[PDB]
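For reference, the structure discussed in these notes is given below.
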Amino acid sequence: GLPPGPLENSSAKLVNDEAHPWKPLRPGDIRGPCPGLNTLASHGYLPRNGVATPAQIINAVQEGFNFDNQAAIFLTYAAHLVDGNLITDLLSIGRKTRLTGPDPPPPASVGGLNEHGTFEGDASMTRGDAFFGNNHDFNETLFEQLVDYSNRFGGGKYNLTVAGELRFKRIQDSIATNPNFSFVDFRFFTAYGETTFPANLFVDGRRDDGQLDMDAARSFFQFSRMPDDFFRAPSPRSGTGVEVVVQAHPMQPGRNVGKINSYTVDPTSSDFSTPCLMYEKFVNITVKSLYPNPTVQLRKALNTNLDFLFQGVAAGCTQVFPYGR
Ligand code: HEM
Ligand SMILES: *[C@@H]1O[C@H](CO)[C@@H](O)[C@H](O)[C@H]1NC(C)=O
Ligand SMILES: *[C@@H]1O[C@H](CO)[C@@H](O)[C@H](O)[C@H]1NC(C)=O
Ligand SMILES: *[C@@H]1O[C@H](CO)[C@@H](O)[C@H](O)[C@H]1NC(C)=O
Ligand SMILES: *[C@@H]1O[C@H](CO)[C@@H](O)[C@H](O)[C@H]1NC(C)=O
Ligand SMILES: c1ccc2ccccc2c1
Ligand SMILES: [Cl-]
Ligand SMILES: [Mg+2]
């Protein structure tokens, strides 16, 4: 389908309503590394089995959380391009599943959001690095660290100050323990943005004060469950305040080079000085490497989804065409 447009009415409202009750997972219900999408699936804003179209994901993040349209479009089509089935137009918000339909040829993985090093990556707040064996399940130890950082820097709440300290802590923990730690290009960008999301989108819209309480935080992060009487944010937003997170501990993009404590800056990486390069590399390297010589039908689906991705790209970037026009 076409990317949905912005909300007609972007007011704060009850989103934990009669039509969107929380339900526990049934056998085969897929939850993944994103507490946002997990919660929308667990409240039936998305299909409850965690397999969705890009249009369903965009509508769900807007209606359920008041995620802004451009960010919704960028993230959804980026995720779909690397993790989703472009022919069936289905994306798993977690594990690889036959429910996304017949697979494209290798090297494309269609691994869902669980696929490491496409969208999902290292130094997640409440999920472990893939190197440690699980990049998608809620981790009580990591969450307890989030609670401790909220106690120390947020007066018991998660806010942008906490995000800044925790984002840096999780990077230093990956540097110290993950010899395969990667923090470049797409992951470098999204890792910073995702730390603002709890402060911008998990805070009840009637307060919208950027102070997330730990009960609400656990309910989203662990149980994919809106607080009772949860109001979505009172206006469209995504990553506002990311500048505060970055400013706390400015980092260069880089990777461990096969050993712990070997963090080596990558001058080829995009950073916040080159946002258009992040887009260009995502398309010319990441997407193109999954689909280097696509057949007629995949080429058309790639070109359509690449146009949709570009609609999410901040104005001032030149669209790139790895498969021509
Ligand atoms: C718009 C489509 C969305 C997509 C495709 C998406 C995808 C993802 C993925 C793949 C991750 C895992 C990255 C990683 O940490 O390794 C992630 C993390 C996250 N997402 Fe989403 N997301 C979306 C929207 C949202 C929304 C609306 C929210 C909040 C309401 C949200 C909140 C988060 C948070 C907090 C994390 C970090 C989890 C952690 O580090 O512990 N996302 N997202
Ligand atoms: C927009 O939604 C709010 C909250 O549900 C409601 O109070 C208001 O009447 C709505 N506006 C329109 C144009 O329907
Ligand atoms: C959770 O994270 C901690 C700290 O990184 C790790 O030691 C533990 O093995 C992870 N997994 C579980 C299931 O707790
Ligand atoms: C986070 O909370 C702490 C303690 O209340 C406060 O000092 C800090 O200003 C807050 N940061 C933001 C961005 O609200
Ligand atoms: C992407 O490819 C186009 C030509 O197809 C080129 O104009 C652009 O500079 C390339 N981007 C990068 C990352 O080299
Ligand atoms: C909006 C939401 C998330 C983002 C992640 C990385 C870069 C830019 C973003 C803009
Ligand atoms: Cl919007
Ligand atoms: Mg991760």
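All residue numbers refer to positions in the sequence shown, counting from 1. Note: hydrogens, waters and symmetry copies are ignored here, and every other heavy atom, side chains too, is used. Ligands are counted one by one from 1 in listed order, and the atoms in each one are counted from 1 as well.
With respect to the salt-bridge test (charged N to carboxylate O, under 4.0 angstrom), the residues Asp103 and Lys96 qualify. Using a cutoff of 4.0 Å between basic side-chain nitrogens and carboxylate oxygens, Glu194 and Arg127 are not scored as salt-bridged. Between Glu63 and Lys13 there is a salt bridge, with a side-chain nitrogen of the basic residue lying less than 4.0 Å from a carboxylate oxygen of the acidic one.
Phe183 and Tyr263 have their aromatic ring centers separated by at least 6.0 angstrom. Between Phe67 and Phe197, the distance separating the two ring centers is shorter than 6.0 angstrom.
A donor-acceptor contact closer than 3.5 angstrom links the side chains of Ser270 and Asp185. Side-chain atoms of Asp29 and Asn49 include no donor-acceptor pair closer than 3.5 Å.
Nearest protein heavy-atom contact of atom 3 (C) of ligand 6 is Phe197 CZ, 3.6 Å. Nearest to atom 8 (C) of ligand 6 among the protein's heavy atoms is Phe189 CD2, 4.6 Å.
Near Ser238, with a cut-off below 4.0 Å to any heavy atom, the atoms of ligand 6 are 1 (C), 2 (C). Within ligand 6, counting atoms from 1 as listed, the ones closer than 4.0 Å to a heavy atom of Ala71 are 1 (C), 2 (C).
Using a 4.0 Å cutoff on heavy atoms, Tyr192 does not count as a contact of ligand 6.
Taking distance alone, with nitrogen or oxygen atoms compared against 3.5 Å, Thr141 stays at or beyond that limit from ligand 3.
For the ring-ring contact (aromatic ring centres under 6.0 Å, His included) test, residues two or more places apart in sequence or in another chain that qualify with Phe220 are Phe65, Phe202, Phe230.
Protein heavy atoms are found inside the 4.0 Å sphere centred on atom 1 (C) of ligand 6. Distance screen at 4.0 Å: atom 10 (C) of ligand 6 has no protein heavy-atom neighbour inside the cut-off.
If you run side-chain hydrogen bond (donor to acceptor under 3.5 Å, both in side chains) between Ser42 and each of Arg225, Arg31, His20, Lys23, only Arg31 comes through.
The contact shell of ligand 4, taken as protein residues with any non-hydrogen atom closer than 4.0 angstrom, comprises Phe153, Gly154, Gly155, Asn159, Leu160, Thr161, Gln211.
At distances below 3.5 Å, at least one donor-acceptor pair connects side-chain atoms of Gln56 with backbone N or O atoms of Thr53.
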